[PDB]
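>>> experimental structure below, sequence on top.
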Amino acid sequence: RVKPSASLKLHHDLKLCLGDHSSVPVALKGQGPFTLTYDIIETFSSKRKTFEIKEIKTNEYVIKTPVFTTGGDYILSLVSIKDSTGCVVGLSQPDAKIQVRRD
């Protein structure tokens with residue numbers, strides 16, 4: 001039994017322009033086919049984005065965050081992960097920040 005999760009390698013906020021997307025490298029936790037769910041959430045209000053990649057067997061995967069067509073402030077956090085037996089684990093490990101601006 002393992003406690004799976006994610007540990008982002010991007011160790012600070014990202015400076016983007018408008019219409020920019022980002023790429024946050026994450027050395028993920030949990031060894032085996034895990035369903036990795038994470039939230040790219042806005043601190044701006046509630047445009048919380050959610051992405052789920054099943055059976056991540058990587059433990060070192062750089063994530064590509066969707067294009068931000070508006071300068072704002074976002075945090076990529078971890079929602080939940082899933083063991084290959086179908087066991088969802090509450091993810092609470094380091095998060096990333098994506099700060100988008102308008103050029």
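All right, it came through fine. Residues are numbered from 1 along each chain as shown.

>>> please name the nearest non-neighbouring residue to residue 4.
residue 30 (2.2 Å; Cβ to Cβ, 6 or more residues apart in numbering). To be clear about C-beta, it is placed using only N, CA and C from the backbone, and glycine gets the same treatment.

>>> tell me how far that neighbour lies from residue 3.
7 Å (Cβ to Cβ, to the nearest Å).

>>> which neighbours do those two share?
Counting by Cβ atoms under 8 Å, 6 or more residues apart in numbering, the residues touching both residue 30 and residue 3 are residue 89.

>>> who's more crowded, these two?
When residue 30 and residue 3 are compared for neighbours, residue 30 comes out ahead with 23 against 12, by other Cβ atoms under 10 Å.

>>> contacting residues around the more buried one?
Contacts of residue 30 (Cβ under 8 Å, 6+ apart): 2-5, 56, 59, 81, 83, 89.

>>> list buried members of the residues you listed by neighbour count.
Among the contacts of residue 30, those buried by neighbour count (16 or more other Cβ atoms under 10 Å) are 4-5, 56, 59, 81, 83, 89.

>>> what's the closest of the residues you listed to residue 47?
residue 81 (23.0 Å; Cβ to Cβ).

>>> partner strands of whichever strand or helix holds the closest one and their direction?
Per DSSP states H and E: residue 81 is located in strand 73-83. Partners of strand 73-83 in the sheet, by DSSP bridges, are strand 34-42 (antiparallel), strand 87-90 (antiparallel), strand 96-100 (antiparallel).
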